[PDB]
Amino acid sequence: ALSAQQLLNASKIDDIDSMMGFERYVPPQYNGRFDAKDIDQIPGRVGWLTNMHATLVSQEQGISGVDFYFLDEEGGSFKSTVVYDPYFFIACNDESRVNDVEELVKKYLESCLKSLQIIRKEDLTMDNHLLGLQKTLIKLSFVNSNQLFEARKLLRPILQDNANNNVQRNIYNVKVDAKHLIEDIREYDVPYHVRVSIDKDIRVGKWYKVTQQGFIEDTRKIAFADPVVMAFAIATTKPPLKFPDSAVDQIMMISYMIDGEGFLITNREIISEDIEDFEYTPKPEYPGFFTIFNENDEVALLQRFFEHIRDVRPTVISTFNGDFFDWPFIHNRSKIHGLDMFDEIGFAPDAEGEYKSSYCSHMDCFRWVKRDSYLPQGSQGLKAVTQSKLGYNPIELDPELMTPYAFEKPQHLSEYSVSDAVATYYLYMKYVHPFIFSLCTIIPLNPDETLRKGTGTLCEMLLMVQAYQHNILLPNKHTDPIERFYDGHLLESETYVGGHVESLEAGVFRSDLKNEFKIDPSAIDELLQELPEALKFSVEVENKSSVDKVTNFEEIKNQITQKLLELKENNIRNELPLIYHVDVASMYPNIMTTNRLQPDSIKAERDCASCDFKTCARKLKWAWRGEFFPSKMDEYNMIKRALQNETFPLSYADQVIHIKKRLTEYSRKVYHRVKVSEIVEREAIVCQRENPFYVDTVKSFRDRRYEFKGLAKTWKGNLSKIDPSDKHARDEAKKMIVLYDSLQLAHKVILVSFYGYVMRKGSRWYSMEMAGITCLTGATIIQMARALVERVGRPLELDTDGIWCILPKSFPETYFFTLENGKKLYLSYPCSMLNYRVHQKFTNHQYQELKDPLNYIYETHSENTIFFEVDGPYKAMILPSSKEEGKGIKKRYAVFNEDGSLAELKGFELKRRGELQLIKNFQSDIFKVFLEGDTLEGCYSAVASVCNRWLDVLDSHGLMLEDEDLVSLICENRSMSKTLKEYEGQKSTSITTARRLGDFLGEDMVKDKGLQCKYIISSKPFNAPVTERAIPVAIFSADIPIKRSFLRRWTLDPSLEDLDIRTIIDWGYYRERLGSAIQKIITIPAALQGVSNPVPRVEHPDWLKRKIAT
DNA sequence: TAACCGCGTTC
DNA sequence: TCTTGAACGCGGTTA
Ligand SMILES: Nc1ncnc2c1ncn2[C@H]1C[C@H](O)[C@@H](COP(=O)(O)OP(=O)(O)OP(=O)(O)O)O1
Ligand SMILES: [Ca+2]
């Protein structure tokens, strides 16, 4: 019935594709040799596939197909279409009566079925499926996806009927119908365009020849084509102290760039002084000359925009958050001028509210920043991404001064708008475009979806490609039960124990200062007898070389034990430290690949016993955690019996809500607790013989990442080799390092999402057991590593796969082998001595792999890809301490390089989005001062100097700060994940600020989720909770009669005329906050390091006073 | 004071 | 509709 709507949509897409140079190309005819080795002979048209979309065509109801958008070698563009029948399978219980089902479904689905056929597939959840047994299914094929749905609609009813007890009519009777044989439907929830891309092995970014036989990969061409790339950014008028609205506000300026060339278009109706050609080259690598069009009115701006789009024919349009600001604004402003943007440039919102087009992919760079840039949310704004990635500080302009600068400073506005463009285009070209289009060559998705989809969904696709190419039947998406019980107690949450985190030592540790070490002798003993096989291991495994080919093996073997000797008899020494960090590379991946860990490889003793019941078993343990009400099962009945009369004028999911609520109070009433958390150590069997398509997929992507990681390591040294005198060489080498580090980091979230996918909702390969084993194993490796560095040094902090430590300046350090050829083989004893212990204790000797598929012969061997990598030595490492006795602070510290630059700053308020600007600016000013001072006491003093400097300001009640600089240093800018309406009954500074932002300015302030709550804490009302004294810092720039009235009720002081900022601030609250930061970063850690409180203006807590005088 | 929540980091 | 995980810090309220 809705077909016509789908047929109509496709049609219009063709007209637009034609309007942008995409004519549907049908290739010539040919009857001869198909083999790809004859590509030049076969007739057709080669092209670089840039984009693909599902569609509906008629013979010349629609028949499903996929449009394929190409850029040919001769500088042209063309479209081509493959047709593929949508299809899903039917499973059966008794595989003897498959034909009865086949006949039944043929007559039942006569309305929608086109064809049908028995097929066989591998099923990894079947007994003796490894010995060669296949799964029989019925392949339902259809003309289009619409009819495939109608089937699922006509089959799901049966599926529910076979799951409900059959209502017999005769009680006394003592054959089975064909409907009762349908077990399930399978591979039914696969996107059609994805289905075609997998089944025909077509990928975006690959070179193909389009022939009558089909598509052929011209693997001779490896380099991408160069599509026309445009990035654009808009500028809007905006109510003072409010947000832009497409209903009233106008576009004033639109900057954009097209393949290196820069353009600006201005609305003279708002921009007064006409703008002319100028140049913004932020850095030499980022050229950007700009020509300007000064259109008269706003519709001439939109018209000039659409006209130019059609001119250059762009296959890629890049923005920064254009999906939810730029595009929807241009759409409404075109609508309010009676302009159909679909009719004009073929863009429209899809079912997610994002703006896509057929001929052109919309590359919202923000999507990449959120997912792949590996940047914190406090840096995912255009300015920070421009600084972190492009490397230049962009032009900034206060949004409240963009509307008036149309009159006042129109030049300053034009530079800021082209600033947004330059940063957007060169961000896309240098970073996004290579990563996205190259990822498209292995992921069966077009660029639009490769950029936006969740990383878990990406892993799914990759895995779907393997499972299909190995004829493995896809498991359906996982579903969680609505309730779940344990020991009679209802479960709230069950999970597993994640990574092992440890804060051990706090305070300052510096290269120029000195530290005490208590060396375990018996650990030096353990290291000296582990010495021989480790040194062979370092060259044989870590460097993959022969012992008898390296020269100075014995030369090193003694120099290390010499220091091991001088450190053995002198097991108590006070020297300088060496600050090092050790990290296992791709830990959870390498833990999975090493152990053949994958969801299907996990079995009970029930099933693998039914196979070859023996190295099928790598018995591995994981730690289960459940959170459950203390109510026993009998208590549950009472609540179930009681809760039956809630409302009158209920779905199961709705009915669960009330059961939970009443169960909290009943559980809290008698056991004096609401949640019980129990650790149940568990065990799982992972068969070493299962089809390893999952774990191999993880290994492919891991190796995919190692290339870029190894290439960054390679170009690091190239910089070291080039003398400081040659700039260009160094500069280019720096440019290479930045490129390769981004590439390896962008692959990281996908590689780790392979371990995350096993817990994702709707996952096809769900295993809590697998995830737990991965996590636990790793905690055991890092704790085993800690136990050793404890014995030979002082480890400072530890997190999952990482260890921060200081080592005696004389512990064995680094050593360079000399190969007989004339090569230098690197050796770092500290890292390599750890690696051995892992290989001797965490190596899979049951790793079986299929050698002979015909005779089903497996060959056990030994696998271990778990390697520590070492970074260092560092000059300083500042770790904080808790305010509570004994407690420490994890996931938070600062490190400094040999040359003093900030190595790593982790976890602190400075990096996070929001938080109090005081602390951020304080933290950004102090950490660099722990590098000052000539001893731990002189160090903590230079810190205290700038500590008192910041303290002075607070006690000075802001007298030293200009009002403008004052608020920009006292404001807290927390964000709201949702709209206000959804935090009902909760209390926070963000909720109050939002609630007060609304009355002060309007309900249209809190309409959208993601509100920036910029607030300041007031003194009045006195002795009232802090969530109630949150003042919007916007009121302090509002009208004086608006200001007063609100500030009076917010303070509950109806007779207050003093509106000056400094009288309202509760400096006491700010002093406490700044006080805790001083305690945690300076004074307390000093006390645990034996220094006296170096900032005596901030006291110690009671317990820590009582412990200096023990 | 311990339990608990939202945000946003570190893995 | 989509949709990687757990561990942790911190200000702040809740029992
Ligand atoms: N975003 C994430 N999602 C899921 N698991 C993650 C994520 N980040 C880290 N992990 C887990 C899996 C990692 O192997 C483990 C150690 O973190 P980390 O060392 O940063 O990554 P890694 O060891 O995979 O990569 P690298 O080679 O860069 O060290 O923590
Ligand atoms: Ca790691």
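Basis of the calculations
- Residues numbered from 1 in each chain as written, not as in the entry; some residues may be left out.
- Chains lettered and ligands numbered in written order.
- Heavy atoms only, no water.
- Residues with missing side-chain atoms left out of burial classes, pairs and counts.
- Salt bridge = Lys/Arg side-chain N within 4 Å of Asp/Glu carboxyl O.
- Buried < 20%, exposed > 50% of the residue type's maximum accessible area, 1.4 Å probe, protein only.
- Helix = DSSP H or I, 4+ residues; strand = E, 2+ residues; numbered from the N terminus.
- Pairing = 2+ DSSP bridges.
- Axes fitted to C-alpha atoms, helices over the stretch in contact; angles between N-to-C directions.
- Contact = heavy atoms within 4.5 Å.
- Near = heavy atom within 4 Å.
- Polar contact = N/O pair within 3.5 Å; in protein donor to acceptor, adjacent residues only side chain to side chain.
- Areas by Shrake-Rupley, 256 points an atom, 1.4 Å probe, with all protein chains shown as cover.
- Nonpolar A, V, L, I, M, F, W, Y, C, P; charged D, E, K, R; others polar.
- Domains from an automatic or database assignment.

**Things to note about the pattern of salt bridges**
In step 1: Scanning the entire structure with this criterion turns up 60 salt bridges.
In step 2: The shortest N-O distance in the salt bridge between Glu 915 and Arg 912 comes to 3.2 Å.
In step 3: When its relative accessible area of 41% is taken as the criterion, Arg 912 is described as partly exposed.
In step 4: Here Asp 955 ties to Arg 1071 by a salt bridge, and the two come within 2.7 Å at their closest N and O atoms. In this pair, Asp 955 is assigned in helix α25 (residues 936–955) and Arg 1071 in helix α30 (residues 1067–1088), connecting sequence segments 116 residues apart.
In step 5: By relative accessible area, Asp 955 is classed as partly exposed at 42%.

**With respect to the environment of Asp 731**
In step 1: With respect to the element layout, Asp 731 can be found in helix α21 (residues 727–756).
In step 2: It is 47 Å that separates the C-alpha atoms of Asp 731 and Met 768, two residues lying 37 residues apart in sequence.

**Description of the sheet that holds strand β3 (residues 77–83)**
In step 1: The antiparallel open sheet is built from 5 strands, whose spatial order is β3-β2-β1-β8-β9. The two strands at the open ends of the sheet, each matched to only one other strand, are β3 and β9 (215–217). Averaged over all pairs of adjacent strands, the angle between strand axes in this sheet comes to 40 degrees, irrespective of strand direction.
In step 2: One ladder, built from 3 bridges, connects strand β8 (residues 207–210) with β9; its direction is antiparallel. The residue of β9 that forms the bridge with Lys 209 is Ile 216.
In step 3: Against the sheet, helix α4 (residues 192–200) contacts β1 (45–57), β2 (63–71) and β3, and its axis sits at roughly 70 degrees relative to β2.

**So, the pairing of strand β6 (residues 135–141)**
Residues in a regular strand project their side chains so that they alternate between the two faces of the sheet.
In step 1: Of all 7 residues in β6, 5 are buried, a share of seventy percent or more.
In step 2: Here strand β4 (residues 87–92) pairs with β6 via 4 bridges, running antiparallel. Directly across from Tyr 87, in β6, lies its bridge partner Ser 141.
In step 3: With 7 bridges connecting them, strand β5 (residues 115–121) and β6 associate as antiparallel partners. Bridge pairing in β6 places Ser 115 opposite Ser 141.

**Observations concerning the sheet that holds strand β38 (residues 902–906)**
In step 1: Ordered in space as β22-β36-β37-β38, the 4 strands form an open sheet in which the pairing is antiparallel. Only two strands of the sheet have a single partner each, and these edge strands are β22 (507–510) and β38. This sheet shows a mean twist of 10 degrees between the axes of neighbouring strands, independent of strand direction.
In step 2: With 4 bridges connecting them, strand β37 (residues 893–896) and β38 associate as antiparallel partners. Residue pairing across strands places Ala 894 opposite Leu 905, the latter belonging to β38.

**Quick word on the site of ligand 1**
In step 1: Among the 13 residues in the neighbourhood of ligand 1, the closest are listed as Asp 583, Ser 586, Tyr 588, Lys 748 and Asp 801.
In step 2: With respect to ligand 1, the backbone of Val 584 contributes an N or O atom lying 3.2 Å from an oxygen atom.
In step 3: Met 587 has a polar backbone atom sitting 3.1 Å from an oxygen atom of ligand 1.
In step 4: For ligand 1, whose free accessible area comes to 570 Å², the fraction covered by protein is 71%.
In step 5: For the shell around ligand 1, the elements supplying multiple residues, two or more each, are β25 (577–584), α16 (587–594), α20 (693–721) and α21.
In step 6: Each residue belonging to the shell around ligand 1 can be placed in one class, and the counts come to 7 nonpolar, 1 polar and 5 charged.
In step 7: Residue-level mapping places the shell around ligand 1 at the junction of two domains, with at least three residues from each of domain 3 (485–498 + 594–759) and domain 4 (501–586 + 769–874).

**Topic: the domain arrangement of chain A**
In step 1: Entries for chain A in the domain assignment read domain 1 (1–165 + 176–225), domain 2 (229–439), domain 3 (485–498 + 594–759), domain 4 (501–586 + 769–874), domain 5 (876–957 + 1069–1108) and domain 6 (963–1064).
In step 2: Distance between the C-alpha centres of domain 2 and domain 6: 32 Å.

**Section: the protein's contact with DNA strand B**
In step 1: Taken together, 19 residues sit near DNA strand B, with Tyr 893, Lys 911, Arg 913, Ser 977 and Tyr 983 positioned nearest.
In step 2: Expressed as a percentage, the sugar and phosphate content of the atoms of DNA strand B within 4 Å of the protein is 93%.
In step 3: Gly 378 places a polar main-chain atom, nitrogen or oxygen, 2.9 Å from a phosphate oxygen of DNA strand B.
In step 4: Residue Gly 907 places a main-chain N or O atom 2.8 Å away from a phosphate oxygen belonging to DNA strand B.
In step 5: Within the surface near DNA strand B, the residues separate by chemical class into 4 nonpolar, 7 polar and 8 charged.

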